[PDB]
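Protein chains in written order, with the authors' numbering: chain E, 2 to 90; chain C, 349 to 398; chain F, 92 to 144; chain D, 8 to 931, 1135 to 1376.
A virtual CB, placed ideally from N, CA and C, is assigned to each residue, including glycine.
Have a look at the structure below, then the notes.
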Amino acid sequence: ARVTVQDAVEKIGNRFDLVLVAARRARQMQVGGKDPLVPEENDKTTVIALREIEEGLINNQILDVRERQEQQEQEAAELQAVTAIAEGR
Amino acid sequence: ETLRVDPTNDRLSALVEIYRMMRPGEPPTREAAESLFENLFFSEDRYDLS
Amino acid sequence: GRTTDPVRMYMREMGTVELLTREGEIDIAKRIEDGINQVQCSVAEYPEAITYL
Amino acid sequence: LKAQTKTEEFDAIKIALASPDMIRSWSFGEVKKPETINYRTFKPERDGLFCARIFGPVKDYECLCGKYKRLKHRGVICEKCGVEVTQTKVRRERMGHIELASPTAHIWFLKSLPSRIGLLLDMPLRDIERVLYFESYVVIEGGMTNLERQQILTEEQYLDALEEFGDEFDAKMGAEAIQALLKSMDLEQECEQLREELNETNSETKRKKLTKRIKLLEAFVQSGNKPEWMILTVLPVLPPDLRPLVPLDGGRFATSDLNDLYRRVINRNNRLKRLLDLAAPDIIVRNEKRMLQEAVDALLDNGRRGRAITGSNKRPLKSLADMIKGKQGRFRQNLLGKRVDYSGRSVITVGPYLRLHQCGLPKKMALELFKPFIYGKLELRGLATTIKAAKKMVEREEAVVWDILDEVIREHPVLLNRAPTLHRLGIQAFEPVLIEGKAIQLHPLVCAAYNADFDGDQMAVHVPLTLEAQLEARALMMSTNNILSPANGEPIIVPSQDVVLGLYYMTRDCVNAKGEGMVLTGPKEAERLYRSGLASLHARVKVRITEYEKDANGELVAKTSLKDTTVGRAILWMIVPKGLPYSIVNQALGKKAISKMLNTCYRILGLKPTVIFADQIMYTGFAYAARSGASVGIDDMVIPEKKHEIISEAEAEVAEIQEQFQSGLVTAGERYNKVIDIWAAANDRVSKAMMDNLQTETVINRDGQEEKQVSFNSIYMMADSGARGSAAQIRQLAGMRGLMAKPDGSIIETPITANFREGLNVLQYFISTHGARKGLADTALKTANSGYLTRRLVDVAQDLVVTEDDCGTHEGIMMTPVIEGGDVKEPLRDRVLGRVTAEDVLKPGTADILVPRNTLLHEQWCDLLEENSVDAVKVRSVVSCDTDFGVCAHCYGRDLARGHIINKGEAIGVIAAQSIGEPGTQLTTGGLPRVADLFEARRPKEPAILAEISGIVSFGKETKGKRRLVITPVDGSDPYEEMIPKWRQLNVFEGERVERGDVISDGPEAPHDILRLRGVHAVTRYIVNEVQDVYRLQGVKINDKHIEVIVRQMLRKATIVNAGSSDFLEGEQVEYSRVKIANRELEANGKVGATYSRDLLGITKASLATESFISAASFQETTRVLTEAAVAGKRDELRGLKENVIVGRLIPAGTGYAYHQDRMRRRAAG
Ligand SMILES: [Mg+2]
Ligand SMILES: [Zn+2]
Ligand SMILES: [Zn+2]
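Listed below in structure tokens is the structure:
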């Protein structure tokens, strides 16, 4: 369990945005699109996300970057799919 | 001075102002004012201290 | 004069009109007869009213 | 990009008058009949208050006649009776209407205090009503004949006038007349003419009313509402499901009161149409029209005419206005309260075994609470086939479900709450620990935050469903994350009673005991010495200890030494973490000291070590207090041996003064004062007797004959440590208790001679009873007073939130120690702590900057300022903050449950109000009503008058009611003469110069004055100092900040002096004004900038003004607010807390601040 979030509050200053970011990440884990970045102790996604914040390997910057990259990861897949839609003309 | 503030003169007048006090806005009547005032504190029916 | 609560503004407004005499009733009824029979006669004087019937 | 048509996520809201065609737009049919249901088959009669055709199908996706019963046929209108088969919920949605025969006035616009139809037409109310009742004729568009436009006539007058003028003159009566008035009204023309008339004549009485009225007019014009709409042509009907006919047990039906009303309206209306088609006489149709007016009025808002009663029941029927308003003063459901799922509650118990980050929860409770989670997790692993079977499993309570519950509980926090919620700590998050029992276990250290006793107090539990709620609870509402009261940086986790008696009993020293004067290597063998029974817990002993100091740079220094201390202190030292010096535990450890221990530990080691430290302190406190064997006997309370003697002597005095009254040497009242004085002095004597005795009387021998120390007696240790009891109560246990005072307040001259250890007889007890009853009554009253105060406070602040980061202003208030009377009622260090310097400060010598510019002053900065002699620091405050529509974090301070600077987006107004309000139960002109008076800015009863302007003054004129005072400035003119009643003893010297704001008389003064004459900083200083004078005298710690934000909200409004944009005398937001003048100093007009004057509005007054009308409808009078907004067509954009709470979306603060921001900028932009 995570008794105090002070360390996470150290990694990202705002402390509300801590809740938001850790939330978003915890969601990334809870509805599984992804896996933890650090060993799961049986800790629920709620705490795993916080452990990820405390280790400084997860925050708003990192998440935004990863997501932005994944958009192009899908664009690459559907590259030949959507260009086949030239029937639009 | 109480008399100096009294708008009325005779008994009928007083009963008029009283009946118009208790049941205001409706036209007063002699039998009405009399019946009211007699039925307030003087009627064995509508009143008692026991 | 106006105490609101239309029970009054009615009760007083009607109280103005004086009660009818036993003769006045007959007067009014006679006036009724005059009016009506007038319109009936006016109807009888119209050709289309007949032809329609 | 096509903008949109259908459903989006809506912003703001709009409110205005309703058009007949608009009313029809909502209406999906006209209700033509008073009938409800058929009376046998309960189906709705067509075209009635309850109807399938107009409103909706009785049962889901089914026609009334029953032809199309299939879920397939949906958008189908039935041929038999048109009913589109769709969910029954639509019968809760679709509205209706009624076409009224004769026009009707909307009672909300007739009877609202500033009658709308009245002042819009510039016509008196009584006239308009007299016209509505057909009592008189009113003119419309008189033209040029003999008569005015708004003029009123009578029967005979109207007849004569008509006889004179056939046409070019117009008069009507009834509702049609008022409608004709409003419709013929041309607002623009009135605007032009009124502007001219405003400009021509010079009189105050004239142009005041003139400007007010033109402003009103043009406002109503810009609204988009046309006056005609104040008169209802069409009457909308509320959906049937919102006024249900639904049946009950025993075949009995129950329906709302709106049906009686609506039915009445329909009836009278239809009967009116009937009487029209019968060509009835005037009187009849008039009576009918009036009756219709009354019915409609009673429907809309009942009680403003006759108070109509419901069928067979005396109690007046509830109208739509009452439906909206609600009850319990002003409570609109999002206020009074709302039922919530996933919750519970029960009696609470102790659970000392718990860590402070957790708490006990009953098994069954946790089962029923987490039930959905339990289902989903049961079938996720595969223990249950389907959700049904899962329910069957948890219903049977199979052995396998308990483990799954242990799974879903683990990292999942829960919210705990108490009944009297005041400060934010009233609700705190904990980690659930499954416990066998029906009782909730609550960690002892938190029992202070809730103000919860163990006497049967109940707590409630809520489950943080969504992920965001889990993380919100864990990172904010969590217990460990708030260790510090938001009111002041002092720890609220301070040990309570048993624990402090434990730590007190531990570290203390009796003169002689086992192992006295020996030496030990370390705390380990000290404890080992104690447990074995070889050495006593308390003995003076030298032992070697290793203490750390982190005084190096981010680094712990280690040093060892032989400390002269006691066995108990040595044992306790094991707990004290790291860099804390041994000195802290070398004392007697009272409640105050044991608190300062935790404090220092937090300001040194940080959060986590403070948490674990506190936990350990609780555990050891309980353990050693248990071992201590502390108890209370009847002999533990020691009465002075000299008591009876003091009693007798003070009793001789009374007969001395009595004999003097017998001989007439003294008067009656003076005698009374004398006897009361001697008895009081007696009580003081016995008190300070038993105190000395009970305190130091322990007389014990070490190696010599005698010596004496502070007593080891139980009740004393209890009172001295601060565990419980106090000198006041102990005084009542041993010595005599006080003198009592009859309800009148006249204090009886025969005090209570006996005490509780002794017996009280009949009289004494009877006399005490009144004191008791007045005690309970007064306290129970002051709870309510506190509540009301907090309410006014949150209402006046609320939406104030930290928004911008830094406004960057050098502005601030001068922070000095309070220095009242004799020495220092409060230091400088506390006043400036956790705040930020407006500008850099100096040493005695300069070009050496200790604290640069704006920096947070923490313990090190404040002690660095304490090293130096600096008596003066200018500090940034929330009252002087340059940021408009909010406070910048750089202005506020660091104060929070955490030592770091205040976060961006935290809502400070709320927490400020809560902080001011929580202690309010602990407050005793002076007192709590004094505080209420202060925040209300009420002018006192017998105030003082400050000098208007500096310079020499003299006494003008003579006696009529006043003797005029003539002021004479040095350079400028002297028109200023104030009329001061001469029957009030003056102060000001007839021959001396008086600075503006000097004392021209005595008594308290209204803060309006202090603001105007002495300045803004001056008045805020007066308020904060006076209210702090009230609290501090009671022993209440509240930081100046919260009070200062309340103050900022008080002065939010100001009245303009100069011109060039808006009106002259308008009171308006200093935010709006300052933003407009700062914007007008450059560009625009070169400089047209207008001067204002700061205004002081009381809290309850400043609460009145809120942009959002939905917010105003909450705590104010709803009926007025809705109208008064609806006329101007006011558009509520939300943007505040209360409004967003009502509308049910994320709060524009806290976590939601990242939302409303990313929105607010997207709005009014690209
Ligand atoms: Mg209690
Ligand atoms: Zn049908
Ligand atoms: Zn600021």
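CB contact check: residue i to chain D, cutoff 7 angstroms
i, result
"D125 (chain F)", "no"
"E104 (chain F)", "yes"
"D118 (chain F)", "no"
"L80 (chain E)", "no"
"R122 (chain F)", "no"
"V32 (chain E)", "no"
Closest Cα partner of residue i within the set the options
i, options, result
"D264 (chain D)", "D:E1278, D:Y772, D:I1357 and D:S319", "D:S319"
"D413 (chain D)", "D:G433, D:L390 and D:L374", "D:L374"
"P1153 (chain D)", "D:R905, D:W580 and D:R1194", "D:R1194"
"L1144 (chain D)", "D:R322, D:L1156 and D:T1230", "D:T1230"
"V357 (chain D)", "D:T95, D:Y349, D:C366 and D:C895", "D:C366"
"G1270 (chain D)", "D:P758, D:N1295, D:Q669 and D:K598", "D:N1295"
"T94 (chain F)", "D:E1200, D:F141 and D:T12", "D:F141"
"residue 1008 (chain D)", "D:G766, D:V645, D:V1234 and D:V1237", "Because chain D is numbered 931 and then 1135 with no intervening positions, residue 1008 (chain D) cannot be located in this model."
"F1165 (chain D)", "D:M1189, D:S1183, D:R1149 and D:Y589", "D:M1189"
"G509 (chain D)", "D:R481, D:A595 and D:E811", "D:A595"
"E866 (chain D)", "D:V885, D:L840, D:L857 and D:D889", "D:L840"
Per-residue DSSP class, three states only, for residue i
i, result
"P372 (chain C)", "coil"
"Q1279 (chain D)", "strand"
"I856 (chain D)", "coil"
"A112 (chain D)", "strand"
"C517 (chain D)", "coil"
"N495 (chain D)", "coil"
"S876 (chain D)", "coil"
"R547 (chain D)", "strand"
"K881 (chain D)", "strand"
"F629 (chain D)", "helix"
"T142 (chain F)", "helix"
"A1264 (chain D)", "strand"
CB contact below 7 angstroms: residue i versus chain E
i, result
"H1252 (chain D)", "no"
"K378 (chain D)", "no"
"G912 (chain D)", "yes"
"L474 (chain D)", "yes"
"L536 (chain D)", "no"
"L614 (chain D)", "yes"
"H364 (chain D)", "yes"
Short CB-CB distance (under 7 angstroms) between residue i and chain C
i, result
"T107 (chain F)", "no"
"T94 (chain F)", "yes"
Below 6 angstroms from a heavy atom of ligand 1 - residues by beta-carbon: D:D460, D:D462 and D:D464
Where the stretch 1356-1369 of chain D meets chain E: residues whose CB sits under 8 angstroms from a CB there: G1360, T1361, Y1363 and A1364
Contact list for the stretch 286-297 of chain D against chain F, Cβ threshold 7 angstroms: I290, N294 and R297
Short-range partners of chain F found in the stretch 299-310 of chain D, where Cβ spacing is below 7 angstroms: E301
Residues passing the C-beta test against ligand 2 heavy atoms, cut-off 6 angstroms: D:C70, D:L71, D:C72, D:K74, D:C85, D:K87, D:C88 and D:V90
Proximal residues, the stretch 44-65 of chain E versus chain D, C-beta separation under 9 angstroms: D44, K45, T46, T47, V48, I49, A50 and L51
Interfacial residues, the stretch 310-326 of chain D to chain F, with Cβ spacing under 7 angstroms: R312 and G313
Members of the stretch 133-145 of chain D near chain F, C-beta cut-off 7 angstroms: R137, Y140 and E142
Chain E contacts from the stretch 476-489 of chain D (Cβ-Cβ distance under 9 angstroms): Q477, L478, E479, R481, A482, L483, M485, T487 and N488
Contact set between the stretch 611-645 of chain D and chain E, restricted to residues whose Cβ is under 8 angstroms from the partner: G613, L614, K615 and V618
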